[PDB]
Amino acid sequence: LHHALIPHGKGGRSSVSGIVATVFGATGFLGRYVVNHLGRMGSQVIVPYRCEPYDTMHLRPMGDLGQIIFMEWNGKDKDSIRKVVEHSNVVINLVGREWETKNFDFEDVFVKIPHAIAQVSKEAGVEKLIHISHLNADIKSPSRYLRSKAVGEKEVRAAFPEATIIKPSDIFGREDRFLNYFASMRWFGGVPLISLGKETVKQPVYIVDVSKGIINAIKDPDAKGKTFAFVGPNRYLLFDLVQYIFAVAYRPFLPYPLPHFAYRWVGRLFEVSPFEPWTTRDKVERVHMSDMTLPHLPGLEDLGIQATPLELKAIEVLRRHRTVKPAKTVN
Amino acid sequence: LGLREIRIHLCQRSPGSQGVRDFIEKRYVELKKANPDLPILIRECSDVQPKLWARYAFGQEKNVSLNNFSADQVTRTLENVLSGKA
Amino acid sequence: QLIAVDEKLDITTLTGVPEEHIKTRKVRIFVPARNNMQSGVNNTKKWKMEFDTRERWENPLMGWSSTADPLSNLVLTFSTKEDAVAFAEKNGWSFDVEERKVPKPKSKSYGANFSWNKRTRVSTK
Amino acid sequence: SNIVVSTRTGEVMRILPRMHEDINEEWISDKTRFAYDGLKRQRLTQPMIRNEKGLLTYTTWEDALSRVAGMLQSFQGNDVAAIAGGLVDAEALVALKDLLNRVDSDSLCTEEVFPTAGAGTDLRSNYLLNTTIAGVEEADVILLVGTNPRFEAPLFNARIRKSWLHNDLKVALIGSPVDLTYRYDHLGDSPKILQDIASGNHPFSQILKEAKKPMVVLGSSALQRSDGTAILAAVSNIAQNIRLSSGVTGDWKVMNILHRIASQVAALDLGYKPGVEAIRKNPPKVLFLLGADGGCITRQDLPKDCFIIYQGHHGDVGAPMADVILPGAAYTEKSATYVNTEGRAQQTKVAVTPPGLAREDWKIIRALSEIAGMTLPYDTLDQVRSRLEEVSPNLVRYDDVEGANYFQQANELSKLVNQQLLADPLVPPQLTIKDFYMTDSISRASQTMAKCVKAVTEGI
Amino acid sequence: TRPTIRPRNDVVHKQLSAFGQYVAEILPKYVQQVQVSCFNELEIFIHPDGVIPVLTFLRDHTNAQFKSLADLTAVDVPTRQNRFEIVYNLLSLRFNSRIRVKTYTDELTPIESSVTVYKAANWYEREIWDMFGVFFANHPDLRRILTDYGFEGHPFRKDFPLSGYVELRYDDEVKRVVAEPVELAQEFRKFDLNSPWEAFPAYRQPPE
Amino acid sequence: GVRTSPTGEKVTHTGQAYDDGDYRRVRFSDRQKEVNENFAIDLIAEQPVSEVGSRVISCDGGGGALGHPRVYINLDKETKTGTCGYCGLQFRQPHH
Amino acid sequence: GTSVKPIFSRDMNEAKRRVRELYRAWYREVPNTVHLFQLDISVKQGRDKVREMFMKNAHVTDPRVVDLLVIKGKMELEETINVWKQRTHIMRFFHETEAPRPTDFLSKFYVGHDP
Ligand SMILES: NC(=O)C1=CN([C@@H]2O[C@H](COP(=O)(O)OP(=O)(O)OC[C@H]3O[C@@H](n4cnc5c(N)ncnc54)[C@H](OP(=O)(O)O)[C@@H]3O)[C@@H](O)[C@H]2O)C=CC1
Ligand SMILES: [Zn+2]
């Protein structure tokens with residue numbers, strides 16, 4: 001087990017956990033939680049970044065002295081991937097984008113980059129690879145996002161046959177794009193939902209649950225070639241979910257049914273802007289689409305985690321959106 | 001049901017072990033002549049009541065106090081343990 | 001003006017020590033042995049209480065020696081064995097007491113070096 | 001011998017002597033002082049198993065322990081056996097004994113041979129140095145039989161030399177005329193001389209008769225030969241003649257046995273079978289090697305596909321022949337109980353923790369018992385020492401050397417068998433200094449001892 | 001004595017001895033011992049019951065009038081049955097003199113607060129309570145003054161570890177400062193400096 | 001006297017170099033490894049042995065009080081040369 | 001004999017009366033503390049934490065130790081009510097960032113040498 005990678009200490013900041021993890025996409029929303037959980041137990045984290053060092057500054061205090069190493073990379077180059085994963089025994093893939101840029105479409109982000117990462121990691125001798133896809137990923141999905149994810153799973157499995165695939169369902173949290181997107185609709189007055197938000201059912205999952213699940217999948221010896229589905233405890237109709245979100249935020253709720261075609265047109269207008277879009281054609285289709293049910297897939301409970309309901313963390317997420325009657329669930 | 005070993009813990013100078021001591025000095029040898037393959041481990045307590053441990057198959061152990069017993073009493077206890085009757 | 005309550009002293013709930021550093025620790029009460037490199041005996045006068053050794057590992061950066069137990073450097077000094085025992089019992093620490101070792105007095109005789117018939121006669125000096 | 005381990009930043013730096021008047025006074029042997037170099041070499045740091053190619057490969061604790069537990073559940077009784085090495089503490093010995101007893105296995109053996117006839121290990125005084133190390137200063141005649149005290153017990157030899165120098169102690173030896181750093185009387189090499197002393201024709205019988213505090217010391221190395229029972233019987237006859245003629249001066253305890261390995265007395269106290277003849281008579285199918293590095297039992301003496309477990313701290317003659325390797329702790333890395341040749345129980349302290357994934361030995365055995373479903377009652381070191389008190393209560397008295405003498409019963413029980421002596425001269429394993437440096441697995445892994453061996457064999 | 005040796009002052013020594021005998025004579029109910037050091041410092045060892053009287057006397061007597069409280073602190077000596085010794089340093093401007101008053105207590109026995117005698121004591125006793133855990137009865141408001149809020153233990157006790165039991169960091173998951181058990185990247189190096197071959201024969205203890 | 005490890009790293013004067021499987025090498029990527037190029041053992045091995053016609057010689061390292069403590073070196077052994085324990089300079093008597 | 005000077009209470013009954021008074025004060029204060037510090041815990045689990053902290057010291061049979069603990073608890077309540085504590089100080093009672101330590105023998109044997 002390479003003596004330098006033998007765990008030591010009491011699992012704290014200056015302990016040694018025996019884990020050398022390269023975390024692609026660590027500067028995002030789930031990346032900060034994954035890096036924090038890795039660093040608080042004494043692992044060494046290699047953080048490949050393509051942005052400005054200033055935007056990665058917040059990850060520095062997450063580890064002891066020398067336990068977090070920042071490295072430049074870009075997804076179009078295999079040599080940067082190679083130099084970033086040479087010495088790791090764990091590779092975690094978190095690269096994703098909810099919109100298409102002029103330089104990267106869904107094909108580059110969810111297919112080509114994951115395939116390159118998996119191939120380079122397999123050539124480099126990395127023991128464990130953990131790839132993130134979507135719960136609703138399938139090759140026949142209406143949205144290109146999900147279709148790309150399905151393709152990505154196929155290529156990651158082909159390049160790294162022992163990779164662990166994790167399929168979360170609409171992660172919610174303090175820096176999420178779920179609760180904040182639904183609560184950011186106050187500016188536009190009445191909320192617009194296709195068919196009044198009464199036809200789609202969501203199963204959101206807490207961010208800390210997903211991060212701890214990734215950590216425990218690293219720890220678990222037999223979770224090599226398995227595929228997990230990380231879902232929350234409760235399923236909600238979208239209408240009552242948004243009603244609960246607005247009630248927690250103390251904001252007035254005025255939901256009006258909107259035509260699907262009309263909604264798509266609205267989404268398209270947002271996309272043209274250079275800056276990140278509040279909504280996109282793919283986004284409105286993704287939030288209108290119902291969450292899949294995969295009972296045969298091992299879940300978060302199979303990793304020794306009890307999923308935390310949205311009712312406990314909704315206040316934490318939505319308190320900043322201000323200036324009791326939890327929603328009804330369907331199971 | 002098969003006896004595996006016997007242990008006799010007696011104290012060197014205590015009055016309560018005196019009879020037990022006499023037992024050895026008189027007849028331990030004779031017992032060993034009758035049970036040449038049975039281990040009877042004689043060990044020393046201190047500030048503690050004398051004891052007799054018997055170990056049976058699969059690690060089962062029973063202990064009986066020998067405090068203030070005479071030589072005949074410990075002889076009877078050992079015969080009862082050895083013959084298997086309670 | 002006096003309660004006259006009968007119970008052994010116990011201050012564990014007041015010292016602020018975490019639970020796993022009371023019941024899991026094993027203190028040793030002893031007179032330290034003389035360093036054999038020197039003949040001075042001034043370091044063997046008092047009683048010492050010290051804690052059990054815990055894990056020490058290597059810092060991945062700089063290779064320094066890292067520890068996780070807060071009592072690794074704690075040593076207390078006592079005048080007698082009884083004082084140290086009382087301190088340990090009132091602090092709720094399980095202890096092992098080692099009796100003091102005193103070098104027994106010896107019979108020295110310079111003239112024995114030049115013995116007429118005994119083997120104590122030396123061949124060189 | 002009491003010692004001080006000097007460490008720094010989690011590393012053993014040196015060994016110094018610790019003063020104890022009764023045992024080692026102020027000195028330690030060269031091996032004791034300089035063999036700690038081997039603690040940093042050839043160490044066992046991870047659990048190991050056999051792969052499909054038959055080679056040893058690293059694995060987790062769960063994998064190796066489950067693999068051992070499966071075979072432990074598959075077989076039972078006579079098919080399970082264990083061997084203890086020379087550096088095993090009492091806690092691990094009692095844990096292994098309990099674990100094998102829960103399988104209904106009584107074949108728990110030591111590599112060192114002690115004769116089991118008559119009393120055997122039944123009476124403690126039958127296998128102890130009853131006079132004690134300090135008692136050598138009260139003796140006036142000492143007879144050494146088939147031993148080299150200079151290399152087997154250097155501090156005991158130093159005590160003999162001190163008594164010889166200051167009390168005009170008379171020393172006689174039966175065996176090869178080794179250099180003992182003092183002059184002595186060489187009675188001869190043939191073991192038959194013992195009988196000639198017991199009969200009374202040898203004038204040394206008269207010399208022993210006139211003595212007020214006579215001493216007879218028989219080494220265990222002489223017991224390692226096939227005549228161990230007969231040699232012990234002859235020495236017992238000599239001591240019995242001394243007591244019957246010279247009378248009972250009091251509590252002098254003439255008979256003595258000098259041991260060479262640290263774990264032997266504790267194992268005999270716990271009821272282990274001395275020697276490995278039980279394994280040879282009934283070969284097992286699963287064999288536990290608790291630090292057994294003497295090479296007494298190999299795969300040739302075992303059935304095909306015998307499952308061998310080695311638990312220890314050093315990679316030596318016992319590890320490469322094993323199917324599962326469990327990394328244990330050395331004596332500097334645990335708080336453990338050892339009983340010396342006097343019968344005195346003493347305890348070490350943790351100086352550094354075991355390296356890598358190595359663990360405390362009794363903890364390994366307790367975890368294995370839990371995985372196999374035969375969980376042992378004790379969970380902490382205090383509970384294991386309570387178990388030791390239950391099995392042998394003298395193992396928790398940490399400086400006591402006094403005990404009861406049962407020489408008379410053992411003497412009459414030694415007159416049952418009548419094994420004959422061979423015409424083989426008593427030759428100790430350590431003939432010269434070069435044989436003293438390398439004896440155990442720690443010393444064999446030391447470069448300091450290798451340099452010492454090179455220096456003595458050829459000198460510049 | 002040559003230039004490297006501190007000069008002695010017998011006049012101040014005699015004066016301090018005489019005043020110590022005077023104080024002991026006036027209050028035999030509480031004064032257990034009186035000492036003068038070789039560098040002319042006077043200490044009076046008293047029973048804990050006499051903290052308020054003796055101090056009051058030393059503050060208000062025409063011949064003493066020690067009107068200033070320079071310092072009040074505690075010393076932890078674990079080998080003693082009464083663990084803590086309480087030390088008052090008083091200054092008299094009228095007679096240009098200093099005095100020290102010593103008493104003792106254990107973990108559970110309270111000591112009378114002396115804020116009624118000296119206002120300056122108010123914070124000092126608080127600090128003692130923070131650092132040694134000695135309770136002062138009838139203190140106007142006794143609470144921690146130096147340690148962090150919610151701090152457990154009393155750091156100046158001898159058995160308290162140097163680095164403590166908990167350390168602080170910032171956690172991003174909970175977005176706040178958290179406290180966790182201490183873990184040092186480099187352990188503090190304990191040095192054994194005391195030599196054998198005693199230094200001062202005049203302080204040698206009987207071998208018992 | 002800097003050498004090169006088979007992996008490619010410079011071996012320091014203390015002889016340290018991460019082995020091939022060592023993850024800690026990742027700390028040197030996109031950066032450099034600090035190695036001192038002046039090896040003291042080689043540099044002191046280059047100093048010539050001083051020839052002195054005295055049985056005992058004193059060495060202070062040169063510079064007076066700016067050197068090391070003054071020590072005295074015996075030169076009776078002809079097989080070897082006297083070496084300063086502080087500075088490493090070598091001294092020898094004129095044999096033949 | 002064994003006569004000692006009191007602190008506040010002469011026997012255990014007065015000590016338990018003081019303990020009950022402090023417990024009432026903490027129980028009353030919990031909801032206001034939850035609202036003022038904008039805690040994400042519930043009032044129920046805050047009162048459970050108060051109960052657990054009180055039960056941690058349930059084995060004390062010495063009245064002096066009891067009312068010293070009462071004094072310390074009153075100091076803690078004083079710190080909480082006057083908002084001298086911050087949110088981090090209040091949340092330190094819950095140990096939310098510490099990974100749980102298993103208690104069984106096998107897990108401790110696996111993680112390391114620490115009992
Ligand atoms: N609701 C959710 O959040 C869900 C997320 N997932 C999946 O989990 C993963 C993490 O999600 P989340 O943290 O929200 O993602 P974010 O959008 O928060 O961050 C993704 C990370 O990938 C990096 N990245 C994006 N595009 C590129 C590119 N072209 N080249 C290099 N790096 C790039 C970003 O770096 P930079 O900041 O420099 O652009 C960023 O750090 C995603 O892959 C997503 O598909 C799955 C289900 C639900
Ligand atoms: Zn020099």
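Just so you know, ligand 1 is whichever comes first in the structure, and atom 1 is the first atom listed for that ligand. These values consider heavy atoms only, across backbone and side chains, with no hydrogens, waters or symmetry-generated copies. Below, chain A is the first sequence line, B the second, and so on; all start at residue 1.
Screening A:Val45, A:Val23, A:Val35 for a side chain to side chain contact (heavy atoms under 4.5 Å, CB included) with A:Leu59, the sole residue that qualifies is A:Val35.
Ligand-side atoms of ligand 1 in range of A:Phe104: 29 (N), range being under 4.0 angstrom from any heavy atom. Every atom of ligand 1 with a heavy atom of A:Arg177 under 4.0 Å away is listed here by number and element: 14 (O), 16 (P), 17 (O), 18 (O). Which parts of ligand 1 touch A:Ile132 is read off a 4.0 Å heavy-atom cut-off, strictly below it: atoms 7 (C), 8 (O). Residue contact check: A:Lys149 has heavy atoms under 4.0 Å from atoms 7 (C), 43 (O), 44 (C), 45 (O) of ligand 1.
Under the 4.0 angstrom criterion for non-hydrogen atoms, A:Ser169 is not in contact with ligand 1.
Under 4.0 angstrom from ligand 1, there are no non-hydrogen atoms of A:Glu98. Of the heavy atoms in A:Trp73, only side-chain atoms (C-beta onward) come closer than 4.0 Å to ligand 1. By the criterion of a heavy-atom distance under 4.0 Å, the side chain of A:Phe110, and not its backbone, is placed next to ligand 1. Of all the heavy atoms of A:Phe29, the ones lying under 4.0 Å from any atom of ligand 1 are found in both the backbone and the side chain. Only the side chain of A:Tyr145 comes within 4.0 Å of ligand 1, counting heavy atoms alone; its backbone N, CA, C and O stay farther away.
Between the Zn ion (ligand 2) and F:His68 there is an N/O/S contact shorter than 2.8 Å.
Between the choices A:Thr27, A:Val205, A:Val95, A:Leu94, the shortest heavy-atom distance to atom 9 (C) of ligand 1 belongs to A:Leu94. Within the set A:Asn74, A:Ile171, A:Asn136, A:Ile166, the minimum heavy-atom distance to atom 1 (N) of ligand 1 is found for A:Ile171.
Remark: A:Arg286 qualifies as a cation-pi partner of A:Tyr145 under the 6.0 Å distance and 45° angle criteria applied to the six-membered ring.
Atoms CD1 and CG, on F:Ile44 and F:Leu89 in that order, are 5.0 Å from each other to the nearest 0.5 Å.
Ion pair A:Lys283/A:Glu271 not flagged as a salt bridge, since none of the NZ, NE, NH1 or NH2 atoms sits closer than 4.0 Å to an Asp/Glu carboxylate oxygen. Using a cut-off of 4.0 Å between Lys/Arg side-chain N and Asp/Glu carboxylate O, G:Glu96 and E:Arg176 are scored as salt-bridged.
In this structure, atom 11 (O) of ligand 1 is not in close contact with the protein, since no protein heavy atom lies within 4.0 Å of it.
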*Go through the steps for A:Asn331 and A:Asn234 under the test side-chain hydrogen bond (donor to acceptor under 3.5 Å, both in side chains), then give the verdict.*
CA-CA 7 Å; A:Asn331 299 80; A:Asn234 293 316; 5.2 Å; no
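Between A:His296 and A:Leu294 the shortest side-chain heavy-atom distance falls below 4.5 Å. Using a 4.5 Å cut-off on side-chain heavy atoms (C-beta onward), A:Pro192 and A:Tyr263 make contact. Considering only heavy atoms from C-beta on, A:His260 comes within 4.5 Å of A:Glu285 through its side chain. Taking 4.5 Å as the limit, some side-chain heavy atom of A:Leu318 sits within range of a side-chain heavy atom of A:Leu179.
Among all protein heavy atoms, the one lying closest to atom 17 (O) of ligand 1 is A:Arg97 NH1, 2.9 Å. Protein heavy atom at the shortest distance from atom 38 (O) of ligand 1 is A:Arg50 NE, 3.3 Å.
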